Number of protein chains: 2
Amino acid sequence: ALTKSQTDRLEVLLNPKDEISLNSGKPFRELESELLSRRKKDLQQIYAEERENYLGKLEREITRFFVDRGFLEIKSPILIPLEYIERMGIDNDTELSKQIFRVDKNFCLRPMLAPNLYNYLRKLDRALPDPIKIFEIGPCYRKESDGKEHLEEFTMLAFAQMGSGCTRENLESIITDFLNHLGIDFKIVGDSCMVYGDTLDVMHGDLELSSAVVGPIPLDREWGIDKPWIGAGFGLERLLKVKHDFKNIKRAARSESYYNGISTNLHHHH
Amino acid sequence: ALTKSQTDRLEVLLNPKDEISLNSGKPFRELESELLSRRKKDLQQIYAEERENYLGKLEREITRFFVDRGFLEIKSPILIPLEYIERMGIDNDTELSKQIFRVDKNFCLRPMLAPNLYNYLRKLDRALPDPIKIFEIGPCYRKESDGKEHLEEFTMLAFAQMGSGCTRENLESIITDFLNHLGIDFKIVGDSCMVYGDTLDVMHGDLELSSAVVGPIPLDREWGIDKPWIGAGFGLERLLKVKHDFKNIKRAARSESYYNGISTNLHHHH
Ligand SMILES: Nc1ncnc2c1ncn2[C@@H]1O[C@H](COP(=O)(O)OP(=O)(O)NP(=O)(O)O)[C@@H](O)[C@H]1O
Ligand SMILES: Nc1ncnc2c1ncn2[C@@H]1O[C@H](COP(=O)(O)OP(=O)(O)NP(=O)(O)O)[C@@H](O)[C@H]1O
Ligand SMILES: [Mg+2]
Ligand SMILES: [Mg+2]
Ligand SMILES: [Mg+2]
Ligand SMILES: [Mg+2]
């Protein structure tokens, strides 16, 4: 019989592709030695051939998709004014407000990309022709409880279009083209949302890949937006979790503990 | 005569390529209208053709260079334990320690990439063949005074090699190949450093592009490293400042105020 500590250690070393059962009755050291050997070989192969990090590679793939479809690539601050949170209509007694990492007294780590993209839409509307199409990929931060679907440090893609063409049909068509490109099956379900009102949730089984919005909405006035728009946000670690059939999203995160879903802690357990 | 407010506004709208002088005696509105028209056209052209963000594009170019030369692409946490700072030998009464953005009580925004790369070197040495070559590009954070060479939110590349081949000659040769690839002239100057001891500073005129280190050093013991190593760190916004002849590094930063060095604030000044 394996202890809980031994089972947890084997789970860290097990990968989705492995045809190995921890409930097979084999001794711990036998299972551990096989898995350590497989993971070392996996890392050696990555190092010998591709050498690309899954999160970096997916960002680059996504960037090419959106650039090629006419969207401007934005890189905006990660450390943002706390005032942008309140201006998103997030009251400081709300659950989301309690998820914010504060920095100093007046700043925070962004929990979402919307504020910066709202400002870019307003500014670019003075220079660029209709429709204005932008996107951003980068780190976002939320305090979360320990779970297999959430990270405190994650990576979000968000895109937005403003002006003509800002229909639910076009929004769903962009989402469909994007997730087809990635080879990810999904469905769309309507839900309510305290920030945006009603959303379209992009679901893979019970896992939310994205929330999307058809504007205009009452919040727009606070950002100086008065045109129709559509937009969506996606978690890159969730996309990787689906693509690679990871059991826990930690396998896809910025991490010291995993490289492309392979444990970096390859010591023997005693 | 132009007021200081008017001169500052024209400086924001002026780009290095412009053959326009603010000291020419022309009225403010004439200079402002010409510059606004040039910047709008610049943004329109970016939107019509390349659509790539300078910081994103440079990260991708750098990533390809290092991956193709056998270095593993790392993406590690930006929000790190405050204990890693002390373990770098940064005492809490030192000037660098005062530059750290603290988060919660026990975390901070990373001011450097070295701690995470030290841990990756230690772990990967159990799996990968000699020499171990890794790199990371991403956000770093330091409190700074207002100046044209420093950002509080910047982007660092750091690479390291550990094992064989870890000579000053090989380090300089990698730096030279890299900066040749980018088309940036430089010189190397020795300096002292409280964290690493002696460094090699990679200079473009009076601007430090990088600091580099030939190990081993006494700090290595604290990270479980006992082999020779070489490494260097570079600021991407500084590389862009040199490449594009920006007068202030803010033009190259993650920003709401500039897109590829072009002002996003294209209103009229009254
Ligand atoms: N903590 C997190 N970890 C990983 N991905 C996240 C996290 N929070 C949000 N995302 C991703 O970002 C997308 C847009 O954010 P948002 O719609 O606000 O998330 P959410 O409604 O809080 N999702 P959930 O907490 O699973 O019910 C989500 O659909 C996820 O793909
Ligand atoms: N505040 C900053 N803004 C932009 N780039 C930075 C900043 N701090 C460091 N870098 C870059 O990161 C590289 C490695 O960091 P490090 O050697 O610690 O910088 P440094 O010695 O503090 N440079 P300096 O402050 O100009 O004397 C530097 O050579 C810069 O290219
Ligand atoms: Mg949530
Ligand atoms: Mg949602
Ligand atoms: Mg400094
Ligand atoms: Mg230095």
# chains A, B, ... in the order shown; residues from 1 in each chain; ligands from 1
>>> select_by_dssp(residues="segment 62-123 of chain A", states="strand (DSSP E)", output="list in words")
residues 72, 73, 74, 79, 80, 81, 102, 103, 107, 108 and 109 of chain A
>>> residues_near_ligand(ligand="ligand 6", cutoff="7 Å", atoms="only C-alpha atoms and all ligand atoms", output="JSON list (two decimals) with N, CA and C atoms, in the first residue's frame")
[["chain", "number", "residue", "atom", "x", "y", "z"],
["B", 201, "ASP", "N", 30.41, 45.01, -18.00],
["B", 201, "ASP", "CA", 29.30, 45.85, -18.44],
["B", 201, "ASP", "C", 29.37, 46.06, -19.94],
["B", 208, "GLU", "N", 24.26, 51.58, -20.27],
["B", 208, "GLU", "CA", 24.50, 50.16, -19.99],
["B", 208, "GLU", "C", 23.41, 49.33, -20.64],
["B", 210, "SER", "N", 23.80, 45.84, -20.72],
["B", 210, "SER", "CA", 23.82, 44.56, -20.03],
["B", 210, "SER", "C", 24.91, 44.56, -18.97],
["B", 211, "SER", "N", 24.71, 43.74, -17.95],
["B", 211, "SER", "CA", 25.78, 43.27, -17.08],
["B", 211, "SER", "C", 25.90, 41.76, -17.21]]
>>> closest_residue(among="B:168, B:98, B:9, B:40", to="ligand 5", atoms="only C-alpha atoms and all ligand atoms")
B:98
>>> atom_distance(atom1="atom CA of residue 34 of chain A", atom2="atom CA of residue 128 of chain B")
17.3 Å
>>> closest_atom_pairs(of="chain A", to="ligand 4", cutoff="12 Å", atoms="only C-alpha atoms and all ligand atoms", output="Markdown table")
| residue | atom | partner | partner_atom_place_in_ligand_line | distance |
| --- | --- | --- | --- | --- |
| A:96 | CA | ligand 4 | 1 (Mg) | 11.6 |
| A:112 | CA | ligand 4 | 1 (Mg) | 11.1 |
| A:188 | CA | ligand 4 | 1 (Mg) | 11.9 |
| A:189 | CA | ligand 4 | 1 (Mg) | 10.8 |
| A:190 | CA | ligand 4 | 1 (Mg) | 10.3 |
| A:191 | CA | ligand 4 | 1 (Mg) | 8.4 |
| A:192 | CA | ligand 4 | 1 (Mg) | 8.9 |
| A:193 | CA | ligand 4 | 1 (Mg) | 7.5 |
| A:194 | CA | ligand 4 | 1 (Mg) | 10.2 |
| A:195 | CA | ligand 4 | 1 (Mg) | 10.1 |
| A:196 | CA | ligand 4 | 1 (Mg) | 10.1 |
| A:197 | CA | ligand 4 | 1 (Mg) | 11.3 |
| A:198 | CA | ligand 4 | 1 (Mg) | 10.3 |
| A:199 | CA | ligand 4 | 1 (Mg) | 7.7 |
| A:200 | CA | ligand 4 | 1 (Mg) | 8.4 |
| A:201 | CA | ligand 4 | 1 (Mg) | 6.3 |
| A:202 | CA | ligand 4 | 1 (Mg) | 8.6 |
| A:203 | CA | ligand 4 | 1 (Mg) | 9.9 |
| A:207 | CA | ligand 4 | 1 (Mg) | 10.2 |
| A:208 | CA | ligand 4 | 1 (Mg) | 6.8 |
| A:209 | CA | ligand 4 | 1 (Mg) | 8.3 |
| A:210 | CA | ligand 4 | 1 (Mg) | 6.3 |
| A:211 | CA | ligand 4 | 1 (Mg) | 4.6 |
| A:212 | CA | ligand 4 | 1 (Mg) | 8.1 |
| A:213 | CA | ligand 4 | 1 (Mg) | 10.2 |
| A:232 | CA | ligand 4 | 1 (Mg) | 9.9 |
| A:233 | CA | ligand 4 | 1 (Mg) | 8.6 |
| A:234 | CA | ligand 4 | 1 (Mg) | 9.2 |
| A:235 | CA | ligand 4 | 1 (Mg) | 10.3 |
>>> write_last_selection(atoms="N, CA, C and O atoms", output="compact mmCIF listing (two decimals), in the first residue's frame")
# COMPACT_ATOMS: atom_id res chain seq x y z
N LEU A 96 -14.65 39.95 -6.39
CA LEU A 96 -13.54 40.20 -7.30
C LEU A 96 -12.59 41.24 -6.72
O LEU A 96 -11.36 41.08 -6.79
N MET A 112 -7.23 41.78 -15.07
CA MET A 112 -7.93 41.68 -16.34
C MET A 112 -7.25 42.64 -17.28
O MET A 112 -6.57 43.58 -16.86
N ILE A 188 -20.91 27.39 -26.70
CA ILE A 188 -21.17 28.73 -26.16
C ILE A 188 -22.44 28.70 -25.32
O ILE A 188 -23.47 28.14 -25.74
N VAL A 189 -22.36 29.29 -24.12
CA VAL A 189 -23.47 29.33 -23.17
C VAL A 189 -23.61 30.76 -22.66
O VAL A 189 -22.62 31.39 -22.29
N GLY A 190 -24.84 31.26 -22.61
CA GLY A 190 -25.06 32.60 -22.05
C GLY A 190 -24.98 32.57 -20.52
O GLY A 190 -25.37 31.61 -19.88
N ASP A 191 -24.45 33.65 -19.94
CA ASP A 191 -24.45 33.80 -18.49
C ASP A 191 -24.56 35.28 -18.14
O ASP A 191 -24.48 36.14 -19.01
N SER A 192 -24.77 35.55 -16.86
CA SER A 192 -24.78 36.89 -16.31
C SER A 192 -23.40 37.21 -15.73
O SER A 192 -22.62 36.32 -15.38
N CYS A 193 -23.12 38.50 -15.60
CA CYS A 193 -21.81 38.96 -15.17
C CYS A 193 -21.99 40.33 -14.52
O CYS A 193 -22.67 41.19 -15.08
N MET A 194 -21.39 40.52 -13.34
CA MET A 194 -21.62 41.79 -12.65
C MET A 194 -20.86 42.94 -13.31
O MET A 194 -21.31 44.09 -13.23
N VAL A 195 -19.76 42.66 -13.98
CA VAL A 195 -18.99 43.74 -14.61
C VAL A 195 -19.63 44.16 -15.93
O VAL A 195 -19.81 45.35 -16.20
N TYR A 196 -19.95 43.19 -16.79
CA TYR A 196 -20.35 43.50 -18.15
C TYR A 196 -21.84 43.33 -18.41
O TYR A 196 -22.31 43.75 -19.47
N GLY A 197 -22.57 42.75 -17.47
CA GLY A 197 -23.98 42.44 -17.69
C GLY A 197 -24.14 41.00 -18.12
O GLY A 197 -23.93 40.08 -17.33
N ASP A 198 -24.50 40.79 -19.38
CA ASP A 198 -24.61 39.45 -19.94
C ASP A 198 -23.38 39.13 -20.77
O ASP A 198 -22.86 39.98 -21.50
N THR A 199 -22.89 37.90 -20.62
CA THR A 199 -21.74 37.43 -21.39
C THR A 199 -22.13 36.19 -22.18
O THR A 199 -23.19 35.58 -22.00
N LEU A 200 -21.24 35.83 -23.09
CA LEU A 200 -21.23 34.52 -23.71
C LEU A 200 -20.02 33.79 -23.13
O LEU A 200 -18.88 34.24 -23.28
N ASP A 201 -20.25 32.65 -22.50
CA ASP A 201 -19.16 31.85 -21.96
C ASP A 201 -18.80 30.75 -22.95
O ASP A 201 -19.67 30.01 -23.43
N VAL A 202 -17.51 30.64 -23.24
CA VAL A 202 -16.96 29.65 -24.16
C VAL A 202 -16.49 28.49 -23.31
O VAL A 202 -15.57 28.65 -22.49
N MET A 203 -17.15 27.35 -23.45
CA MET A 203 -16.98 26.22 -22.54
C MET A 203 -16.35 25.02 -23.24
O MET A 203 -16.69 24.70 -24.38
N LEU A 207 -15.31 23.42 -18.18
CA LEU A 207 -14.22 24.38 -18.02
C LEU A 207 -14.49 25.62 -18.87
O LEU A 207 -14.72 25.51 -20.07
N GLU A 208 -14.46 26.79 -18.24
CA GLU A 208 -14.62 28.04 -18.98
C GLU A 208 -13.29 28.41 -19.64
O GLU A 208 -12.31 28.69 -18.96
N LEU A 209 -13.26 28.42 -20.97
CA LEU A 209 -12.09 28.91 -21.69
C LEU A 209 -12.09 30.43 -21.82
O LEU A 209 -11.03 31.06 -21.80
N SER A 210 -13.26 31.04 -21.96
CA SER A 210 -13.35 32.46 -22.25
C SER A 210 -14.70 33.00 -21.82
O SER A 210 -15.68 32.26 -21.76
N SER A 211 -14.74 34.29 -21.52
CA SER A 211 -15.96 35.07 -21.50
C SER A 211 -15.87 36.16 -22.55
O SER A 211 -14.83 36.80 -22.71
N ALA A 212 -16.98 36.39 -23.24
CA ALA A 212 -17.04 37.32 -24.36
C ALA A 212 -18.25 38.22 -24.17
O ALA A 212 -19.22 37.85 -23.50
N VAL A 213 -18.17 39.41 -24.75
CA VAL A 213 -19.17 40.45 -24.54
C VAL A 213 -19.51 41.10 -25.87
O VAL A 213 -18.61 41.45 -26.64
N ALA A 232 -13.42 39.51 -26.28
CA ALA A 232 -13.37 38.27 -25.51
C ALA A 232 -12.03 38.13 -24.81
O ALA A 232 -11.02 38.66 -25.26
N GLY A 233 -12.05 37.43 -23.70
CA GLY A 233 -10.82 37.10 -22.99
C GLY A 233 -10.70 35.61 -22.75
O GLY A 233 -11.65 34.96 -22.36
N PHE A 234 -9.47 35.10 -22.93
CA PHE A 234 -9.16 33.69 -22.81
C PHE A 234 -7.95 33.48 -21.92
O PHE A 234 -6.95 34.18 -22.07
N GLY A 235 -7.99 32.44 -21.10
CA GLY A 235 -6.83 32.03 -20.33
C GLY A 235 -5.93 31.08 -21.08
O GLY A 235 -6.38 29.98 -21.47
>>> interface_residues(of="chain B", to="chain A", cutoff="9 Å", atoms="only C-alpha atoms", output="ChimeraX atom specification")
/B:39-41,43-44,46-56,60,63,67-68,70-79,101-104,116,119-120,123-124,126-129,139,153,253-256,259,264-267
>>> calpha_fit_and_write(fixed="chain A", moving="chain B", output="CSV table (one decimal) with C-alpha atoms, in the first residue's frame")
chain,number,residue,atom,x,y,z
B,1,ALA,CA,0.0,0.0,0.0
B,2,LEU,CA,1.2,3.5,-0.9
B,3,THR,CA,1.0,6.4,1.6
B,4,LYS,CA,-0.7,9.7,0.6
B,5,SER,CA,2.8,11.3,0.3
B,6,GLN,CA,3.9,8.6,-2.1
B,7,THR,CA,0.8,8.8,-4.2
B,8,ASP,CA,1.1,12.6,-4.4
B,9,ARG,CA,4.8,12.2,-5.5
B,10,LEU,CA,3.9,9.7,-8.2
B,11,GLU,CA,1.0,12.0,-9.4
B,12,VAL,CA,3.6,14.8,-9.9
B,13,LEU,CA,5.7,12.6,-12.0
B,14,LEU,CA,2.9,11.0,-14.0
B,15,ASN,CA,2.0,12.5,-17.4
B,16,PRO,CA,-1.2,12.2,-19.3
B,17,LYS,CA,0.3,10.1,-22.1
B,18,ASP,CA,1.7,7.5,-19.7
B,19,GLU,CA,0.2,4.1,-19.7
B,20,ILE,CA,1.0,3.6,-16.0
B,21,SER,CA,-1.4,3.0,-13.1
B,22,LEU,CA,-0.6,4.0,-9.6
B,23,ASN,CA,-3.3,1.6,-8.3
B,24,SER,CA,-1.6,-1.4,-9.9
B,25,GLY,CA,0.0,-2.8,-6.7
B,26,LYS,CA,3.6,-2.3,-7.8
B,27,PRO,CA,6.1,-1.0,-5.2
B,28,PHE,CA,6.7,2.7,-4.8
B,29,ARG,CA,10.3,2.6,-5.9
B,30,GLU,CA,9.5,0.6,-9.1
B,31,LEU,CA,6.9,3.2,-10.1
B,32,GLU,CA,9.1,6.1,-9.1
B,33,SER,CA,12.1,4.8,-11.0
B,34,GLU,CA,10.1,4.3,-14.2
B,35,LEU,CA,8.5,7.7,-14.0
B,36,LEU,CA,11.7,9.5,-13.2
B,37,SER,CA,13.3,7.9,-16.2
B,38,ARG,CA,10.5,8.9,-18.5
B,39,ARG,CA,10.5,12.5,-17.3
B,40,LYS,CA,14.3,12.8,-17.7
B,41,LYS,CA,14.0,11.5,-21.2
B,42,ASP,CA,11.1,13.9,-21.9
B,43,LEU,CA,13.3,16.9,-20.8
B,44,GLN,CA,16.3,15.6,-22.7
B,45,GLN,CA,14.2,15.4,-25.9
B,46,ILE,CA,12.8,18.9,-25.5
B,47,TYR,CA,16.3,20.2,-25.0
B,48,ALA,CA,17.7,18.4,-28.0
B,49,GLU,CA,14.9,19.5,-30.4
B,50,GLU,CA,12.3,22.2,-30.0
B,51,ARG,CA,13.5,24.0,-26.8
B,52,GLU,CA,10.4,26.2,-26.8
B,53,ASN,CA,8.3,26.9,-23.7
B,54,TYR,CA,4.6,26.0,-24.2
B,55,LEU,CA,3.3,29.3,-22.8
B,56,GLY,CA,5.7,31.3,-24.9
B,57,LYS,CA,5.0,29.2,-28.0
B,58,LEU,CA,1.2,29.6,-27.6
B,59,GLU,CA,1.5,33.3,-27.2
B,60,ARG,CA,3.5,33.5,-30.4
B,61,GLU,CA,1.0,31.3,-32.3
B,62,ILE,CA,-1.9,33.4,-31.0
B,63,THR,CA,-0.1,36.7,-31.8
B,64,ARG,CA,0.4,35.5,-35.5
B,65,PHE,CA,-3.3,34.5,-35.8
B,66,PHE,CA,-4.6,37.9,-34.6
B,67,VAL,CA,-2.0,40.0,-36.4
B,68,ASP,CA,-2.8,38.2,-39.7
B,69,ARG,CA,-6.5,39.0,-39.2
B,70,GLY,CA,-6.0,42.7,-38.8
B,71,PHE,CA,-5.7,43.2,-35.1
B,72,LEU,CA,-3.0,45.5,-33.6
B,73,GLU,CA,-0.7,43.8,-31.0
B,74,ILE,CA,-0.8,45.8,-27.7
B,75,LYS,CA,1.6,45.5,-24.8
B,76,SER,CA,0.3,47.5,-21.9
B,77,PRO,CA,1.3,47.9,-18.3
B,78,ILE,CA,0.8,44.9,-15.9
B,79,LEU,CA,1.2,47.2,-12.8
B,80,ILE,CA,-1.9,49.5,-13.2
B,81,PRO,CA,-3.6,52.2,-11.1
B,82,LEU,CA,-6.0,50.8,-8.5
B,83,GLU,CA,-8.4,53.4,-9.8
B,84,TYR,CA,-8.9,51.4,-13.0
B,85,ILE,CA,-10.5,48.7,-10.8
B,86,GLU,CA,-13.2,51.0,-9.4
B,87,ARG,CA,-13.8,52.4,-12.8
B,88,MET,CA,-14.5,48.9,-14.2
B,89,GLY,CA,-17.5,49.0,-11.7
B,90,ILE,CA,-15.8,46.7,-9.3
B,91,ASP,CA,-16.9,47.9,-5.9
B,92,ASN,CA,-14.4,47.4,-3.1
B,93,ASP,CA,-16.7,45.1,-1.0
B,94,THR,CA,-17.2,42.7,-3.9
B,95,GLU,CA,-15.6,39.3,-4.2
B,96,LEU,CA,-13.5,40.2,-7.3
B,97,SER,CA,-12.3,43.3,-5.5
B,98,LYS,CA,-11.0,41.0,-2.7
B,99,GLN,CA,-9.0,39.1,-5.4
B,100,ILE,CA,-6.8,42.0,-6.3
B,101,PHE,CA,-3.0,42.0,-5.5
B,102,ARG,CA,-2.4,45.6,-4.3
B,103,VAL,CA,1.0,47.2,-4.8
B,104,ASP,CA,1.9,50.3,-2.7
B,105,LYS,CA,-1.3,52.2,-1.9
B,106,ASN,CA,-2.5,53.3,-5.3
B,107,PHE,CA,-1.5,50.4,-7.7
B,108,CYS,CA,-2.3,46.8,-8.3
B,109,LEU,CA,-1.4,43.9,-10.5
B,110,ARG,CA,-3.9,43.8,-13.3
B,111,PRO,CA,-6.6,41.1,-12.8
B,112,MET,CA,-7.9,41.7,-16.3
B,113,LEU,CA,-6.9,43.3,-19.6
B,114,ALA,CA,-10.1,45.3,-20.2
B,115,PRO,CA,-9.1,48.7,-18.6
B,116,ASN,CA,-6.0,49.1,-20.7
B,117,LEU,CA,-7.8,48.0,-23.9
B,118,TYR,CA,-10.7,50.4,-23.2
B,119,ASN,CA,-8.1,53.2,-23.1
B,120,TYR,CA,-6.4,52.0,-26.3
B,121,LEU,CA,-9.7,51.9,-28.1
B,122,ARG,CA,-10.5,55.4,-27.1
B,123,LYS,CA,-7.1,56.8,-28.1
B,124,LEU,CA,-6.8,54.8,-31.4
B,125,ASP,CA,-10.3,55.9,-32.5
B,126,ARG,CA,-8.7,59.3,-33.1
B,127,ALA,CA,-6.2,57.9,-35.6
B,128,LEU,CA,-7.2,54.6,-37.1
B,129,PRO,CA,-10.0,53.7,-39.6
B,130,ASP,CA,-13.1,51.8,-38.8
B,131,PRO,CA,-13.2,49.1,-37.5
B,132,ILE,CA,-10.5,49.3,-34.8
B,133,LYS,CA,-9.2,45.8,-33.9
B,134,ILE,CA,-6.7,45.3,-31.1
B,135,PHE,CA,-5.5,42.4,-28.8
B,136,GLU,CA,-3.2,41.8,-25.9
B,137,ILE,CA,-1.6,38.7,-24.4
B,138,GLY,CA,0.1,38.9,-21.0
B,139,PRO,CA,0.2,38.2,-17.3
B,140,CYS,CA,-2.8,38.8,-15.1
B,141,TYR,CA,-3.2,38.2,-11.3
B,142,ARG,CA,-6.1,37.2,-9.0
B,143,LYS,CA,-6.1,35.8,-5.5
B,144,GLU,CA,-7.6,32.3,-5.7
B,145,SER,CA,-8.3,29.2,-3.6
B,146,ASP,CA,-6.3,26.0,-4.3
B,147,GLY,CA,-7.9,24.3,-7.2
B,148,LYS,CA,-7.1,22.6,-10.4
B,149,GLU,CA,-8.7,25.2,-12.7
B,150,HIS,CA,-7.3,28.5,-11.3
B,151,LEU,CA,-3.9,30.1,-10.9
B,152,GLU,CA,-3.0,33.3,-9.0
B,153,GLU,CA,-0.5,34.2,-11.8
B,154,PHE,CA,-2.0,33.4,-15.3
B,155,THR,CA,-1.8,34.6,-18.8
B,156,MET,CA,-4.8,36.2,-20.6
B,157,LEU,CA,-5.5,36.9,-24.3
B,158,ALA,CA,-8.1,39.6,-24.9
B,159,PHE,CA,-9.2,41.0,-28.2
B,160,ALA,CA,-11.6,43.7,-29.1
B,161,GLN,CA,-13.2,45.2,-32.2
B,162,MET,CA,-14.9,48.6,-32.2
B,163,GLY,CA,-17.1,50.3,-34.8
B,164,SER,CA,-18.6,48.3,-37.7
B,165,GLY,CA,-18.9,44.6,-37.6
B,166,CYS,CA,-19.6,44.3,-33.9
B,167,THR,CA,-22.4,41.7,-33.9
B,168,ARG,CA,-22.8,38.6,-31.9
B,169,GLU,CA,-22.5,36.7,-35.2
B,170,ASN,CA,-19.1,38.2,-36.0
B,171,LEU,CA,-17.9,37.6,-32.4
B,172,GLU,CA,-18.9,34.0,-32.4
B,173,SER,CA,-17.3,33.6,-35.9
B,174,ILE,CA,-13.9,35.0,-34.6
B,175,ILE,CA,-14.0,32.7,-31.6
B,176,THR,CA,-14.9,29.7,-33.8
B,177,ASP,CA,-12.1,30.5,-36.2
B,178,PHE,CA,-9.6,30.9,-33.3
B,179,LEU,CA,-10.5,27.7,-31.5
B,180,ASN,CA,-10.7,25.8,-34.7
B,181,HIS,CA,-7.1,27.0,-35.4
B,182,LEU,CA,-6.0,25.6,-32.0
B,183,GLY,CA,-8.0,22.4,-32.5
B,184,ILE,CA,-10.1,22.9,-29.4
B,185,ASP,CA,-13.8,21.8,-29.3
B,186,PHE,CA,-16.2,24.1,-27.5
B,187,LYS,CA,-19.7,25.3,-27.0
B,188,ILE,CA,-21.2,28.7,-26.2
B,189,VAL,CA,-23.5,29.3,-23.2
B,190,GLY,CA,-25.1,32.6,-22.0
B,191,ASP,CA,-24.4,33.8,-18.5
B,192,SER,CA,-24.8,36.9,-16.3
B,193,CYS,CA,-21.8,39.0,-15.2
B,194,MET,CA,-21.6,41.8,-12.6
B,195,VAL,CA,-19.0,43.7,-14.6
B,196,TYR,CA,-20.4,43.5,-18.2
B,197,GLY,CA,-24.0,42.4,-17.7
B,198,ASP,CA,-24.6,39.5,-19.9
B,199,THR,CA,-21.7,37.4,-21.4
B,200,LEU,CA,-21.2,34.5,-23.7
B,201,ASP,CA,-19.2,31.8,-22.0
B,202,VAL,CA,-17.0,29.7,-24.2
B,203,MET,CA,-17.0,26.2,-22.5
B,204,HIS,CA,-15.0,23.0,-23.0
B,205,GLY,CA,-17.1,20.6,-21.0
B,206,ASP,CA,-17.3,22.2,-17.5
B,207,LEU,CA,-14.2,24.4,-18.0
B,208,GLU,CA,-14.6,28.0,-19.0
B,209,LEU,CA,-12.1,28.9,-21.7
B,210,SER,CA,-13.4,32.5,-22.3
B,211,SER,CA,-16.0,35.1,-21.5
B,212,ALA,CA,-17.0,37.3,-24.4
B,213,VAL,CA,-19.2,40.5,-24.5
B,214,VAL,CA,-21.3,42.2,-27.2
B,215,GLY,CA,-21.3,45.9,-26.5
B,216,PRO,CA,-22.2,48.6,-26.2
B,217,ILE,CA,-22.8,48.5,-22.4
B,218,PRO,CA,-23.4,51.2,-19.8
B,219,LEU,CA,-19.8,50.9,-18.5
B,220,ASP,CA,-18.5,52.3,-21.8
B,221,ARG,CA,-19.3,55.9,-20.8
B,222,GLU,CA,-16.8,55.8,-18.0
B,223,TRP,CA,-14.1,55.0,-20.5
B,224,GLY,CA,-15.1,57.5,-23.1
B,225,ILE,CA,-16.4,54.8,-25.5
B,226,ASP,CA,-19.6,55.4,-27.3
B,227,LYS,CA,-19.5,53.0,-30.3
B,228,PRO,CA,-20.4,49.3,-30.6
B,229,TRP,CA,-17.8,46.8,-29.8
B,230,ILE,CA,-17.2,43.1,-29.3
B,231,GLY,CA,-14.5,41.4,-27.3
B,232,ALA,CA,-13.4,38.3,-25.5
B,233,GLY,CA,-10.8,37.1,-23.0
B,234,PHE,CA,-9.2,33.7,-22.8
B,235,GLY,CA,-6.8,32.0,-20.3
B,236,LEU,CA,-3.8,30.6,-22.1
B,237,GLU,CA,-3.1,28.1,-19.3
B,238,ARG,CA,-6.6,26.8,-19.7
B,239,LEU,CA,-6.1,26.4,-23.4
B,240,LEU,CA,-2.9,24.4,-22.7
B,241,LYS,CA,-4.7,22.3,-20.0
B,242,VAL,CA,-7.2,21.2,-22.7
B,243,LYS,CA,-4.7,20.8,-25.5
B,244,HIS,CA,-2.4,18.5,-23.4
B,245,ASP,CA,-5.1,16.9,-21.1
B,246,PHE,CA,-3.4,18.1,-18.0
B,247,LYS,CA,-5.2,17.1,-14.8
B,248,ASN,CA,-4.2,20.3,-13.0
B,249,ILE,CA,-3.7,23.8,-14.5
B,250,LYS,CA,-0.5,24.2,-12.5
B,251,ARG,CA,1.2,22.0,-15.2
B,252,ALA,CA,0.7,24.8,-17.7
B,253,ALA,CA,1.7,27.8,-15.5
B,254,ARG,CA,4.7,30.0,-15.3
B,255,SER,CA,6.5,27.8,-12.9
B,256,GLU,CA,9.6,26.6,-11.2
B,257,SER,CA,8.0,23.2,-10.7
B,258,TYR,CA,7.1,22.2,-14.2
B,259,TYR,CA,8.6,22.7,-17.7
B,260,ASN,CA,6.1,22.0,-20.5
B,261,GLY,CA,4.1,20.0,-18.0
B,262,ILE,CA,7.1,17.9,-16.9
B,263,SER,CA,8.1,17.9,-13.3
B,264,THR,CA,11.4,19.7,-12.7
B,265,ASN,CA,11.8,18.0,-9.2
B,266,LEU,CA,13.5,14.8,-10.2
B,267,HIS,CA,14.9,13.7,-6.8
B,268,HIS,CA,14.2,10.4,-5.2
B,269,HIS,CA,11.5,10.4,-2.4
B,270,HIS,CA,12.4,8.9,0.9
>>> select_by_dssp(residues="segment 31-134 of chain A", states="helix (DSSP H, G or I)", output="PyMOL selection string")
chain A and resi 31-48+54-68+83-87+97-99+114-124
